[PDB]
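Computation of the quantities below employed the complete heavy-atom set of this structure, encompassing side-chain atoms and omitting hydrogens, waters and symmetry-equivalent molecules. Numbers here are sequence positions counted from 1. Whatever order the structure lists ligands and atoms in, that order sets their numbers, starting from 1.
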Amino acid sequence: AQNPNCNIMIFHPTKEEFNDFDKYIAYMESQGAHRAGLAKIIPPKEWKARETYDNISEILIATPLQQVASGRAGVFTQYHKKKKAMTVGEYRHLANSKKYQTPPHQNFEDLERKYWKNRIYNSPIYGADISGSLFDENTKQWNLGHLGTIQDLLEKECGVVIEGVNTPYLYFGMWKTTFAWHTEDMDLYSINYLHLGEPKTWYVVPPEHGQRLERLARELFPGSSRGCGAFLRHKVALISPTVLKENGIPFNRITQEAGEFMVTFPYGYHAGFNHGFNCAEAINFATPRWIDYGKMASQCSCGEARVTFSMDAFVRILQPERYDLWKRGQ
Ligand SMILES: CS(=O)(=O)NCCNc1cc(C(=O)O)ccn1
Ligand SMILES: [Cl-]
Ligand code: NI
Ligand SMILES: [Zn+2]
């Protein structure tokens, strides 16, 4: 068995290996990459996403989200308070202001310690989930706006056409902005490209151990767990690496830098934070191996988790017994 300890693997494809996206995902899995839940891909030196980032300041962040924490330093939830619209140029200036800028630090480990010590005492503002793309249309390799669609994958594997579209999203971050513990909708894959700026640190639980994280979360967030049997799908709960280690939860960590891709695999729980002003682009995708995960994925039906129009058909076709109850939740 490849990668039996479930370590995060790092890949360096050549320019020729970077041509066929599906083929390279399958290659990574043949080496055991999916057992970690997350892999890093460093593009060949000949590749570029676009020519420059000098002309992005007029993009609008229509609803910046202030991430307000409750709890204790290592076990907390966050809620999102909507703020007035601002451009990317205005957001970058805000991220770099004395109130929000990254503190002095010696290395990524020092900054990680500062994050877990001090995150709850501040409320950073995240420009998350903006529909759009920063890839140049002439970039033909690993262009997140030109991947095969999940709807076409389901049709190819199972035989019928479904409605729906999926397109990429942009995330403009600042110091301490946080993504909570979650798997993707319907336990899909995701791919994330860090276009510009300061790093993004990731934590991940191997898919084979995801239930261990779920059990700990129910113990640590007892009211939330009573309200919804899949409450991690609300994307609001944080648990620190120290607390995970105290409870014996298997996990790994890695820092992503500008110019690097991260792929999350089906049922790979992940969480993390931004080091400073940055911009990432992300999209969900599927492969033939995803189908059995989609068939078994848990659902939030309590009302909290977001309406995503494309998920309707995935539940309808893969989980017909659950569809009626799930639909009432939407
Ligand atoms: C911000 S959230 O906690 O309300 N929703 C999190 C949505 N999922 C994500 C977000 C990131 C990211 O921010 O880079 C990376 C991977 N998965
Ligand atoms: Cl700090
Ligand atoms: Ni995610
Ligand atoms: Zn729920």
Do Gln31 and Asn3 have side chains that approach each other closer than 4.5 Å (heavy atoms only, starting at C-beta)? no
Considering only N, O or S atoms of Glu184, the one closest to the Ni ion (ligand 3): OE2
Purely on distance, is any nitrogen or oxygen of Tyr126 under 3.5 Å from one on ligand 1? yes
Donor-acceptor pair, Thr102 side chain versus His275 backbone, under 3.5 Å? yes
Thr178 touching ligand 1 at heavy-atom level, < 4.0 angstrom: yes
Taking the six-membered ring for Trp, are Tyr189 and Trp290 ring centroids under 6.0 Å apart? no
Per-atom contacts, ligand 1 versus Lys200 - under 4.0 Å to a heavy atom: 12 (C), 14 (O)
Among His34, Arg289, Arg35, which one satisfies side chain to side chain donor-acceptor pair (under 3.5 Å) with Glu29? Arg289
Atom of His234 closest to the Zn ion (ligand 4), considering N, O or S atoms: NE2
For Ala180, atoms of ligand 1 separated by under 4.0 Å from a heavy atom: 3 (O)
Numbering as shown, the atoms of ligand 1 that approach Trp202 to under 4.0 Å (heavy-atom distance): 15 (C), 16 (C)
Please indicate whether any nitrogen or oxygen in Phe179 is less than 3.5 Å from any nitrogen or oxygen in ligand 1. no
Run the numbers for me: atoms of ligand 1, each under 4.0 Å from some heavy atom of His80, listed by number. 4 (O)
Using a strict cut-off of 4.0 Å, indicate which atoms of ligand 1 neighbour a heavy atom of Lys235. 3 (O), 4 (O)
N/O separation below 3.5 Å, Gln67 to ligand 1: no
Taking the side chain as everything from C-beta on, heavy atoms only, tell me whether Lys200 gets closer than 4.5 Å to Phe179. yes
Min side-chain heavy-atom separation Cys300-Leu232 under 4.5 Å: no
Once rounded to 10°, what is the value of the angle centred on the Zn ion (ligand 4) between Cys302 SG and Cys228 SG? 110°
Distance under 4.0 Å to a non-hydrogen atom of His270: what atoms of ligand 1 satisfy this? 16 (C), 17 (N)
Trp142 and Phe21 aromatic centres sub-6.0 Å: yes
Mind checking whether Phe273 and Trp116 have parallel, tilted or perpendicular rings, split at 30° and 60°? perpendicular
Minimum-distance atom from the Ni ion (ligand 3) among N, O or S atoms of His182: NE2
Are the aromatic ring centres of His195 and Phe135 under 6.0 angstrom apart? yes
